[PDB]
Structures are given as C-alpha cells and as structure tokens.
Amino acid sequence: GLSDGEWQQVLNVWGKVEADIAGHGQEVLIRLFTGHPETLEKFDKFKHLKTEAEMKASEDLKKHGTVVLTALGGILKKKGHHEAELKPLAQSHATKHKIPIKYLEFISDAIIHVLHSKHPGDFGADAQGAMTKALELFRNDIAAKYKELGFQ
Ligand code: HEM
C-alpha cells in the first residue's frame, strides 16, 4: 500500500530508468547474476556467460533486461492495480521458469543497488523508500500467487 506521494516518487525514479531502459536492465541483470550466481542457472540462454565481461558484451542480456524492466515499468505504472499484468508473470515465473521468491528479492535489491550506482546522490532517501515499497508490493503480490500455486 503506497500513498499517492509514494507512487509519485516511484514514477519519478522510473523516469530515470526509462531514459536508458536497456542500460538499467543490463546492469540489473548483471548485478543479479554476479551477486547471486545461482540465478544465472535459471537462464538456459545466459548460463554460458562465465565472466562479467561476457555478460556486459551480451546483446541478448541487454535485450532481456529491456524485456524485464519494460514489464516491471508497466506494472509500476498501474500504481498497485496490476493484477492483470502481474498474474502471467507470477504464473510463468512459478510454473515455467521455477523462480523462487528469494530471487525476486535479489532482483529487487539489485534494482536499488543499480539506481544508486547509476544515479549516485540522485536517488534520495524518500525515493529509495518509495521504490522499495513498490518492489515489496510487487514481490508480495507475486508471493500470494506463488502460495496459491504451492510453489516454493
Ligand atoms: C522484476 C522482476 C522480474 C520481471 C518483471 C520479469 C519479467 C520477465 C518477463 C516479462 C519474461 C518473459 C515473459 C515470461 O516468460 O513471462 C521473463 C522471462 C524469464 N524470467 Fe523473469 N522477470 C523478473 C525476475 C526474474 C528473476 C529474478 C529470474 C531468475 C533469477 C527470472 C527468470 C526468468 C527466466 C529464466 C525467463 C525466461 C527467459 C528466456 O529463456 O527467454 N525472472 N521475465
């Protein structure tokens, strides 16, 4: 449950991401994969990436980063009214990709890390609070769908 002012902060922060969705998406995934190498194993199409240099050079990783952040941005712009947008992602990530909710926590924190890394001094405490709450809401609603599906 975010206030109007918190959603305003979220969407203000998101404008930073939308200016360079592929660069943000790439860095989010690289942060996820390098911080939590087990997550790489969930991607048949990225498990060949042995080094961060290879990850950085991967155009397909940037492409997927764009897909991920485009989806997330579409969800965030719903300001919590995202059941229709979230449902297929929860279902695909539980049933097809088999992504534990822990990895969604990892990527949520990776987003925060990337925002500070790319916008140092420009991702204020209020913005971090609002973005964190929005990612918690996202993760929590996914978690509810995971529970429905019995997925761990
Ligand atoms: C912000 C959180 C995430 C968003 C918005 C997101 C979004 C997406 C989207 C839109 C797709 C393609 C459509 C689909 O298959 O449903 C996808 C595919 C996929 N996602 Fe995610 N995802 C997120 C987090 C994760 C995490 C944390 C993992 C694993 C650690 C993961 C693993 C995968 C895999 C393996 C695929 C299939 C990739 C392929 O083979 O093309 N996702 N994701």
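Hydrogens, waters and symmetry mates play no part in the numbers below; they use all other heavy atoms, side chains included. Numbers for residues simply follow the sequence, beginning at 1. Atoms within each ligand, like the ligands themselves, are counted from 1 in listed order.
When hydrogens are left out, the protein atom nearest atom 38 (C) of ligand 1 is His64 CE1, 3.8 Å; that is the closest non-hydrogen contact. Looking at atom 30 (C) of ligand 1, its nearest protein heavy atom turns out to be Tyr103 CD2, 3.5 Å. Here the heavy atom of the protein found nearest to atom 32 (C) of ligand 1 is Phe43 CZ, 3.3 Å. Closest protein heavy atom to atom 26 (C) of ligand 1: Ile99 CG2, 3.9 Å. Of the protein's non-hydrogen atoms, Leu104 CD2, 3.5 Å is the one closest to atom 24 (C) of ligand 1.
Note: an N/O pair closer than 3.5 Å links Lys45 and ligand 1 by distance alone.
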Should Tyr146 and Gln152 be marked as a side-chain contact (heavy atoms from CB on, under 4.5 Å) after you check the CA-CA gap, both sets of side-chain angles, and the distance that decides it?
CA-CA 7 Å; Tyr146 274 27; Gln152 294 287 348; over 6 Å; no

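Taking a 6.0 Å sphere around NZ of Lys45, one finds it holds more than 12 heavy atoms contributed by other residues, nucleotides or ligands. For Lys16, the NZ atom sits in a packed shell: over 12 heavy atoms of surrounding residues, nucleotides or ligands are nearer than 6.0 Å.
Atoms CD and CD1, from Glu105 and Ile142 in turn, are 12.5 Å apart once rounded to the nearest 0.5 Å. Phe33 contributes atom CZ, which lies 9.0 Å from atom OG of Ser58 (distance to the nearest 0.5 angstrom). If you take CD on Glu38 and NZ on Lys102, they are separated by 10.0 Å, rounding to the nearest 0.5 Å.
Residue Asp44 places no heavy atom under 4.0 Å from ligand 1. Every heavy atom of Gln91 sits 4.0 Å or more from the atoms of ligand 1.
The residue among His97, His36, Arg139 with a heavy atom at the shortest distance from atom 19 (C) of ligand 1 is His97. Residue nearest to atom 5 (C) of ligand 1, selected from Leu29, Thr66, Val68: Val68 (by heavy-atom distance).
Taking the six-membered ring for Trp and thresholds of 30 and 60 degrees, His64 and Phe43 have ring planes more than 60 degrees apart, a perpendicular arrangement.
With salt bridges taken as basic N to acidic carboxylate O contacts below 4.0 Å, none links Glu27 and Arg31.
Within ligand 1, the atoms closer than 4.0 Å to a non-hydrogen atom of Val67 are 10 (C), numbered from 1 in the order shown. Atom numbering of ligand 1 starts at 1 in the shown order; those under 4.0 Å from a heavy atom of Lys42 are 35 (C). Taking every heavy atom of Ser92 and a limit of under 4.0 angstrom, the matching atoms of ligand 1 come to 14 (C), 15 (O), 16 (O). For ligand 1, the atoms lying closer than 4.0 Å to a non-hydrogen atom of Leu89 are 9 (C), 10 (C), 16 (O). Close approach to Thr39 involves these atoms of ligand 1, each under 4.0 Å from a residue heavy atom: 30 (C). Listed by atom number, the atoms of ligand 1 under 4.0 Å from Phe138 heavy atoms are 1 (C), 2 (C).
In this structure the side chain of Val68 never reaches within 4.5 angstrom of the side chain of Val28, judged on heavy atoms.
Exactly one of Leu89, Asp141, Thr70 qualifies for a side chain to side chain contact (heavy atoms under 4.5 Å, CB included) with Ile75. That residue is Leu89.
Checked by atom type, the side-chain pair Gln128/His116 shows a donor-acceptor distance below 3.5 Å.
At least one N/O/S atom of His93, from backbone or side chain, sits under 2.8 Å from atom 21 (Fe) of ligand 1.
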